[PDB]
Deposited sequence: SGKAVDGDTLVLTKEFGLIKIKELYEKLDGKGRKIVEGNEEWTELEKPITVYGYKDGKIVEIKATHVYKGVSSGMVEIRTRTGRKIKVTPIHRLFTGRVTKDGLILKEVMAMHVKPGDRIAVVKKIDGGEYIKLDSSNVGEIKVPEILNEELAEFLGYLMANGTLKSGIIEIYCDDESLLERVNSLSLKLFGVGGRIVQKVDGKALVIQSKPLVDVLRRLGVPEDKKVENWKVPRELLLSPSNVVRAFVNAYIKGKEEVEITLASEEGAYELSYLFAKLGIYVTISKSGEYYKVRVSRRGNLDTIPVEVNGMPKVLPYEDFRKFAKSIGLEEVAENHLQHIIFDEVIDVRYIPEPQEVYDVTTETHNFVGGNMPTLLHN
């Protein structure tokens, strides 16, 4: 086998958003020049796609030129403290590393040899994105600007899409006037703040508004099985995502959708926001804290581990990041054959996993 990952491993791409690598492979398969050797297959893509990777000290957009599928006789599963869970072939590479006076020093380690306590590299800040254009009756904003994203923030944070009706509950009357004002501004349709008998609420009665908001990917409400972040938000610029997130939080988020929680970790990473995920019973809890409680550094040119409050003093001393170092809590070998997948990029690394992780093929 080569250096490869489980088919459910999420990958952030420009062309398809956040997608499991087996589903990306099915879309790029054979679209180019193909080489088959037994159970392994390589395609040199006729049209390279765009993914994200570590390059010149930043997490940025990069080209991906080749795809791979084969079989591995077993896998390694690595669980870290922030909640990353990555399933990879034993020779797949990850990065350990340290913070020094002149930036990060990294070191490749095969997944088979990662042990608990290792500080592996994960992605805290994603640079990238561009304004997305969207698809008469209710007027619709033609690009996904900051105002539309702010509206969608409030909506998905505490709004439902009953009937052909939109309802948004809260206190803080200024938030609710803001939502109605933005609704009139963007869509030309307003609502009245019906002081409901539980608390205050805004309600907009427009059958075609809930419909285009559904087409945008807005969930009918929270507490739904397939709750997901609208695709276009992951692909948007940083200021748009900030307009969304500042509205979505008025700090923890409980969901029943594994996928939606993972997508949220990517959305927050696009703002450099440190995020953890935990699973209580069947529910997922996305917690929004800027780094771990201990940080691996180089002092005296020698390795050391510093608590957070000594690390911050040392870091302010030297001028301080897109990458941080998560702590492994569990390494497991799974002796089970499965299909594995890979994507070749110019940097020989890419950003994937249930939470943004720097993977090295």
Stretches of the record's deposited sequence for which the structure holds no C-alpha atoms: 136-139, 255-258, 298-299, 331-338
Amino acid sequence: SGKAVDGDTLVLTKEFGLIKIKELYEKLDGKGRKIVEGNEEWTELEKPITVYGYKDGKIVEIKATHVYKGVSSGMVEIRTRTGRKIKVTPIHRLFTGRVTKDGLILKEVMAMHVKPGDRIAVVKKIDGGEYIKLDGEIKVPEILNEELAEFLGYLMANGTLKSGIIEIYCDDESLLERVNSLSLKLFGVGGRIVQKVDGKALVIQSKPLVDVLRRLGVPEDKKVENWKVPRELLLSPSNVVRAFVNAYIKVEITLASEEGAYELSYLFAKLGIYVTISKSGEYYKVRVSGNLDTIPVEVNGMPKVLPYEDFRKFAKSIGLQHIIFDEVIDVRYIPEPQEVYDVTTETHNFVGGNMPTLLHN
From here on, numbers count along this sequence of modelled residues.
Stretch exceeding the other in mean C-alpha B-factor - 26-34, 300-308: 300-308
Which of 326-334 and 310-318 has higher mean CA B factor, as the PDB entry lists it: 310-318
Among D135, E232, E263, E77 - the residue whose C-alpha B-factor is largest in the record: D135
Identity of residue with top Cα B-factor, from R178, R214, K115, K87: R214
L144 by Cα B-factor - lowest, middle or highest third of the modelled chain: middle
Cα B factor band for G97 (lowest, middle or highest third within the chain): middle
Entry-reported Cα temperature factor of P237, expressed as the chain third it lands in: middle
CA B-factor ranking of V109, expressed as a third of its chain: lowest
Chain-relative CA temperature factor third for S73: middle
